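Student: sharing an experimental structure here, sequence included.
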Amino acid sequence: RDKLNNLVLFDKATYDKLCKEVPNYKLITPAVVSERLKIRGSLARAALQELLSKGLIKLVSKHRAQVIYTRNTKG
Amino acid sequence: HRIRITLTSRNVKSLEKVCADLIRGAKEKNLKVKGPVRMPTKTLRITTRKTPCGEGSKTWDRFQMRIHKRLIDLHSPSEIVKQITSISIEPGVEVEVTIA
Amino acid sequence: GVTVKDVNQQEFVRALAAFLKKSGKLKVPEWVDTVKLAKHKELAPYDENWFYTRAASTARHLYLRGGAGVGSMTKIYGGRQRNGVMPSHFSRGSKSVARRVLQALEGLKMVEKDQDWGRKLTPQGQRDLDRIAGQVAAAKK
Amino acid sequence: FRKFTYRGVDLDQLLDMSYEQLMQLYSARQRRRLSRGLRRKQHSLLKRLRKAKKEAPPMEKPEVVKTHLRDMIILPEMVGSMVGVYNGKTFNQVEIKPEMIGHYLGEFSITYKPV
Amino acid sequence: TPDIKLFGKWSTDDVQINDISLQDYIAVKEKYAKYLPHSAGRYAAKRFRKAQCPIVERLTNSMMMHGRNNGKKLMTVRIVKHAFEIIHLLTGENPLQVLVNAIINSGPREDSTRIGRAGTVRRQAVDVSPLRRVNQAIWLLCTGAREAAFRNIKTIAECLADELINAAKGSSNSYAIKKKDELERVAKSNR
Amino acid sequence: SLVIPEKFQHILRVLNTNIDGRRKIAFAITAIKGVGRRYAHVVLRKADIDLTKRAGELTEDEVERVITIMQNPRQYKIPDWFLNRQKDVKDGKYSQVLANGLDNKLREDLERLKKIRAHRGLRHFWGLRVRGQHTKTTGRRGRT
Amino acid sequence: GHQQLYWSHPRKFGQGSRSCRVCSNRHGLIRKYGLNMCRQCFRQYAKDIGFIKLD
RNA sequence: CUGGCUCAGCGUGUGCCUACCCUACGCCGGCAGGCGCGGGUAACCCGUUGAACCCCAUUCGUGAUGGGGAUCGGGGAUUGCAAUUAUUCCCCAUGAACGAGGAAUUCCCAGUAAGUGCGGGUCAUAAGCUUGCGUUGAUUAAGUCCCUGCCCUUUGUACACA
């Protein structure tokens, strides 16, 4: 039938999407970012940890099972 | 003087009458009594099958046997409490007078 | 005023293990790089400097309850012996690891093998443990 | 066809060996087996198997020595004998080449059938 | 806080159950205002004692199912907490209000059943009680989020948020509303 | 750091074995028949190799040296009780076995016990259960 | 030796070693609290030893 | 999966012939184990029985995968007078079907179902069984004779070893 092959590391244009897009989403989770960029949950987490430490997305809660961020406020 | 009378019995009201009798005897002989300290009851439990064969529904028998332990500590020279404890014995309980 | 029980006991092990790695005078054995931590485990520790984490854990357990041997440390670090197809059972921790961690905390003057068996905590240790508790409280305040 | 070897020991060096070197040589179970004690109680019959094997003929194959044993380790001392090992019903006529060393004397029998 | 009891950090007051029928069998307001889903219970003691359990606890109870997760209410409480965070982000409403709306929209009105003139048999249509409405509403959106999460990257907290948002909307995309409309259709087909 | 580097070894080859680069290195080198997760992790420890990288991202010199580590155990201070062939009947040398070397020794050992006519070898010939399992109701997909 | 063979076999353990103190057979023995009475013989004499069906 | 944090209740324990007890603690060994001195005939010692699930923090990322661990190879300990047709246990390696299960069918309504581990029995060695114990802890129902059973009243009879 059908199979899923996500990226272990970013393609140039996929990272260009990530650097442009995922700070526009209201809900930022590694599972959401994994589906929305065709990337393994390991890549999703590592990328969103970059985005946070960089200082771009506002984290709401961390937990071993569930890590949730949002787009930072406007004003 | 510090002497340890322990009473080990399978029946309860037997043990209670012996505990009462030794307090009565102690307070009459005018010596300091430590009241009947009740150690936890030990319930010897054996559970077997009922049927001698194995051609029935699996029904088990739950056999129990409680054993009760009291002790009274007194401040008395051996003799007078030895003669208190040499009278009024019944078949149920068992006596131990410990000196040291 | 701060003591060990006032602070989060999770990050206290991290703080002591970090302090004891900085000291780095802790007689660490050479089979660390190849060992499995209990027979009930399948893999080796994911962390590479685990010895100083376990040394922190052992030390704070001797703080809370003194007079612990190594058989107490094999017990306390028990888990599930997942027996493949048979039912799971409880299994103890490793004797050699717990014993050499206590002896590494004895090689350093932080424990004291007290009378009535086992290891107690030494005045230097309790002073050390309470001071870094104050450091942990300050960091989280 | 190239002359095979135990652990790293020539077959005649196995032959020229005391029991404690032969212990450390073969596998764990058999080390314990011989370390437990010596054979003069029940294994008075092992002293008899020693006797029977070490009573060998001139340059011609030895007489088939029957055995009511299956719990006997084959040492270099007993290599190259014809023996009947008891099936309960039958004695199984087999020779014990040096490849049977450190193996149980019983471990050459079958009892049953495939339909 | 001696006045208001914010559920973790969600307001009790300013949540209204619009439907008159499901109003008694939904506990969210003023006396069932509690900090945690977790509690002792004794709601299986007598018949309609169950109606007085906070709907958040009713959801927390119904969630822990399929054998391997029988009696893990702490794990279920953290799932409901994460779901309420995620609902608030994507929606922007009171998560308790969105849940209450999803309960109303998911509960069926009519179901098919076997009746009498005893001899042969007959499958006619009948009503569902306001308790049965809320009972089946909770079960539907719980099993919807459950089976959606099975063999998937979308975590149970995200799948619950999806079901409760889409069911509160009345989408026909949530398993809740899909199955509701299947039962009401069959109920019509033989009434 | 997180974008695909050039010369990302997508398909590595370690002893004629098509190993993936996409898998993490500790769980990737266990594709070889004779190394598990245990032996993989301790070797990627013994060779000072950072196991935070994928098997696409490591360098060719690091693949060479770690293959020398896997074949040569005691030259890099690894225990004797860790090996899958310990105190062999022939050489008496405790030595680890790799990909095809296992299949060599396995074929030899089965033919060995078969020709010396041990009951264990006889059950292996008949293809039955050999460690003394009850086969009244088990191993039926085996014989159709 | 006949007398070296008659009771030659050792009995330190197994159920051939221990015996019912009443009927002398080797199945379903009660060994709890040092009873050493087979389950049928136990159940027969149980009320005389002191054991009582309460619960 | 790897660390860290944290809480039980029932028991049992040195033997008649009978040999075999429960174990703390100090060293040795990665591990199963070995040696040393001790307590206990037990609300006294093992013991405040630091149990598991659960909890917190990582690594994994929908791939018959770090799921699952059958089958098989090699070595090492313990029990025994003796283990091959592997007693058991440990260490490395091998990695089978199995993607929620057809007809049919079982048990069950509150600290219950279920998940979870700990004791007793058998026991030189010893739990995938059974008999008890606590820990986490629900959905549904407060109804009926539709199904399967058994039980009654009325009625009919030339049956009564029915």
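Tutor: Received, thanks. Numbering: from 1, shown residues only, chains lettered A, B, ... in the order given.
Student: I'd say residue E:49 and residue E:27 touch.
Tutor: No - counting by C-beta atoms under 8 Å, residue E:49 does not reach residue E:27; the two are 11.6 Å apart. Every residue, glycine included, has its C-beta placed from N, CA and C.
Student: between the two, which has more neighbouring residues?
Tutor: residue E:27 (21 against 12; other C-beta atoms under 10 Å in any protein chain shown).
Student: tell me the centre residue of the chain?
Tutor: Reading this off chain A. In chain A, the centroid-proximal residue (C-alpha atoms, centre = their mean) is residue A:33; its distance is 4.0 Å.
Student: looking at chain G here, not the other one
Tutor: Closest to where the C-alpha atoms of chain G average out (C-alpha atoms, centre = their mean) is residue G:20, at 2.6 Å.
Student: what's the closest non-adjacent residue to it?
Tutor: residue G:38 (3.9 Å; C-beta to C-beta, 6 or more residues apart in numbering or on different chains).
Student: give me the neighbour count for that neighbour.
Tutor: Residue G:38: 21 neighbours (other C-beta under 10 Å).
Student: beta-bridge partners for it, please?
Tutor: For residue G:38, the beta-bridge partners under DSSP bridges are residue G:29.
Student: does it really touch residue G:28, like I thought?
Tutor: Yes - the pair residue G:38 / residue G:28 is scored as a contact, 5.7 Å apart, by C-beta under 8 Å.
Student: mind checking the SS state of residue D:84?
Tutor: Under the three-state scheme (DSSP: H, G, I helix; E, B strand; the rest coil), residue D:84 adopts strand.
Student: can you tell me the closest non-neighbouring residue to it?
Tutor: In this structure, residue D:84 finds its nearest non-sequential neighbour in residue D:91, 2.9 Å apart by C-beta to C-beta, 6+ apart.
Student: got the phi and psi for the one you found?
Tutor: Dihedral pair for residue D:91: phi -100, psi 120, per degrees, to the nearest 10.
Student: what about it, how many residues nearby?
Tutor: Every residue meeting other C-beta under 10 Å relative to residue D:91 is counted, giving 15.
Student: who's in contact with it?
Tutor: Contact analysis of residue D:91 by C-beta atoms under 8 Å, 6 or more residues apart in numbering or on different chains lists D:64, D:66-67, D:84-85.
Student: that one bridge partners, please.
Tutor: With DSSP bridges as the rule, residue D:91 is bridged to residue D:86.
Student: how many residues are close by the closest residue to chain C within chain G?
Tutor: Relative to chain C, the nearest point of chain G is residue G:32 (24.1 Å; C-beta to the nearest C-beta). For residue G:32, the tally of surrounding residues (other C-beta under 10 Å) stands at 13.
Student: ditto for residue G:9
Tutor: 8.
Student: any idea how far chain D is from it?
Tutor: Distance, residue G:9 to chain D, using C-beta to the nearest C-beta, to the nearest Å: 10 Å.
Student: near chain F, which residues of chain D?
Tutor: Proximity of chain D to chain F, by C-beta under 8 Å from any C-beta of the partner chain, involves residues D:4-9, D:27, D:94, D:97, D:99-100, D:103, D:107-110, D:114.
Student: filter these to the buried ones?
Tutor: D:5-6, D:9, D:94, D:99-100, D:103, D:107-108 (16 or more other C-beta atoms under 10 Å in any protein chain shown).
Student: just want the residue of chain B that's nearest chain F.
Tutor: residue B:54 (21.7 Å).
Student: quick one, longest helix in chain D?
Tutor: Across chain D, the longest stretch assigned as helix under DSSP state H is helix D:44-54.
Student: now whichever helix or strand comes after that one: buried residues?
Tutor: Following helix D:44-54 in sequence order, the next helix or strand is strand D:65-67 (DSSP states H and E). Using 16+ other C-beta under 10 Å as the test for burial, strand D:65-67 gives D:65, D:67.
Student: strand D:65-67 pairs with which strands?
Tutor: Using DSSP bridges, strand D:65-67 pairs in its sheet with strand D:82-86 (parallel).
Student: is RNA strand H contacted by the strand it pairs with?
Tutor: No - Strand D:82-86 stays clear of RNA strand H (C-beta under 7 Å from any atom of the strand), getting no nearer than 9.5 Å.
Student: what count of nearby residues applies to residue C:40?
Tutor: 19.
Student: surely it is within a strand?
Tutor: No - the assignment for residue C:40 (three-state DSSP) gives coil, which keeps it out of a strand.
Student: name the nearest residue to it, ignoring sequence neighbours.
Tutor: Distances taken as C-beta to C-beta, 6+ apart place residue C:91 nearest to residue C:40, at 3.7 Å, with adjacent residues excluded.
Student: beta partners of the one you found?
Tutor: With DSSP bridges applied, residue C:91 shows beta-bridge pairing to residue C:79.
Student: the residue of chain B most remote from its centre and residue B:61, how far apart?
Tutor: Largest separation from the mean C-alpha position in chain B: residue B:55, at 42.6 Å (C-alpha atoms, centre = their mean). Applying C-beta to C-beta, to the nearest Å, the value for residue B:55 to residue B:61 is 17 Å.
Student: of all residues in chain E, which one is closest to chain C?
Tutor: For chain E, C-beta to the nearest C-beta, closest residue to chain C: residue E:68, 13.8 Å.
Student: what of chain B?
Tutor: Closest point on chain B to chain C, by C-beta to the nearest C-beta, is residue B:58, at 22.0 Å.
Student: the longest helix belonging to chain A and chain E, are they touching?
Tutor: The longest helix of chain A (DSSP H) is helix A:41-54. Yes - judged by C-beta under 8 Å from any C-beta, helix A:41-54 comes into contact with chain E at residue A:41.
Student: list the contacts of the closest residue to chain F within chain G.
Tutor: Closest approach between chain G and chain F, counting by C-beta to the nearest C-beta: residue G:14, at 20.7 Å. Applying C-beta under 8 Å, 6+ apart to residue G:14 gives no contacts.
Student: cool, residue F:93 as well?
Tutor: Shown in contact with residue F:93 (C-beta under 8 Å, 6+ apart): residue D:8.
Student: isn't there a helix covering it?
Tutor: No - read with three-state DSSP, residue F:93 is coil and lies in no helix.
Student: got the buried residues for the strand or helix carrying residue B:35?
Tutor: In this assignment (DSSP H and E), residue B:35 forms part of strand B:32-49. Buried residues in strand B:32-49, counting neighbours by 16+ other C-beta under 10 Å, are found at B:33, B:36, B:44, B:46, B:48-49.
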